[PDB]
């Protein structure tokens, strides 16, 4: 236990009356709306989202990285911090690894995860940066590089990510590369895409029967003119061409300005190619900010589509969700905790939508009442639901508050010497 259980008990107990009071008042409100709070809380308790191992360390920009105290160094420190998030929120039982950043003895990794109450989600390859001793540089690309040997090296690396994953209980490989161009003419759009497809096919072959291969699109950065896997369009083409085990990941901040992202999610669901959604928020580009800190309604609308599919069924709908953020000015553990909270909030509110009435208003072209139908769910403060769900599953009523009272940050600060 990273956080002392008595601390959690103590903090949860001092707030129990306040929680009960809010949970009952909201229950009566929902009752009058033909909604059983219990059924909502039970689904909220089972909604999980994978945490990225690299998310608990302080992020930065090309201009600077301002570390806080107790920076986790290495996958072990990182797992230890991810455990706090899971313990207090009970919404992140699985961690997503990144190779080579988190390379370590498989057996040791698994053992550490099991001891912490954490599992492992999709593996993440890295061919957007060069590692020491690497024979071929990825400066000009990897899987789509013009040099065959470089592509081969990129493919072999992704294969190794699978072998590591197979050994720790993982069932998928996410592939996000920087590949693209910064100048017009630098790359031949079609030929680079062909090279990419060809290299991905080889990785696809190394896929066990129960594994999936996720490709992630991004409009720009690190490439500033063109990017091989630039949008969900190219992303769909990829998934369809690779096969059944290949699907597309939709990362909120990876789209052009004003893009209707929730429609992209619905389009992928329909054609059974939505592998999963990567949560974060943005205002300008791929800001990788805390989920819901900028546009919480947008987040709700995305979840509205997920819930529609989750309820109405849909062939091939088994999303692998993950938070992908950079925490440059906050305590990384606190931001991930509140972001996971935000993700469950949007989920919970999506569950309140009256699907029948909505469908009626859409059929009648009653736009005002259709949008109002969503707003009724969205405007609902489901915090008591999120907190109770946490309380019933070993979590903290108020995660951040509990995390602060535990002095966890100061503790790892004493154990982890900083640069200065």
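Residue numbers count along the first chain shown, from 1.
- Here the stretch with the larger average CA B-factor, out of 122-130 and 203-211, is 203-211.
- Looking at mean Cα B-factors across 13-21 and 398-406, the upper value is held by 13-21.
- Listed residues 107, 345, 139, 278 were ranked by CA B-factor as deposited; 107 comes out on top.
- Which of 329, 85, 261, 111 has the largest Cα B-factor in the deposited entry comes down to 111.
- For residue 163, the recorded CA B-factor ranks within the highest third of the chain. Only modelled residues enter the ranking.
- Residue 151: CA B factor lies in the lowest third for its chain, per the PDB record.
- Annotation for residue 198: CA B-factor lies in the middle third of the chain's modelled residues.
- When all modelled residues of the chain are sorted by CA temperature factor, residue 302 is found within the middle third.
- Sort the chain's modelled residues by C-alpha temperature factor and residue 76 lands in the middle third, per the entry.
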